[PDB]
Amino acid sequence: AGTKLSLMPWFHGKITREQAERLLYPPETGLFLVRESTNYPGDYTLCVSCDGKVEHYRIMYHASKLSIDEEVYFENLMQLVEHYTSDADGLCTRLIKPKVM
């Protein structure tokens, strides 16, 4: 049927930044979704609603390792979400509630 990542509730796939802003409304503390840029796959962007607005955290790749702060690194995107769900660790909020997809 698909990959583990494709069936994740927070993963929306190839949607634009403007469409991500429309989904994460009204602003909810912890409401988040992960969008993929149609670059180039898989240029991901962690879209999370904090302090009344949507903050966009762009995923970067250093030697096939995923990060959004150049401090904490992950093997894959699903490890990134799992980590930031539990603790903020520099982010504006914990990834509390995923936007249903």
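The numbering used is simple: start at 1 and walk along the sequence shown.
Mean C-alpha B-factor comparison - 41-49 and 23-31, higher one: The recorded data point to 23-31.
What's the residue among 59, 72, 54, 63 with the greatest CA temperature factor in the PDB record? Largest recorded C-alpha B-factor: 63.
Check where residue 87 lands among this chain's C-alpha B-factors and tell me if it's the lowest, middle or highest third. Tercile = highest for this residue's CA B-factor.
Relative C-alpha B-factor of residue 78, binned into the chain's lowest, middle or highest third: Its C-alpha B-factor, which the entry lists for residue 78, ranks in the highest third among residues of this chain.
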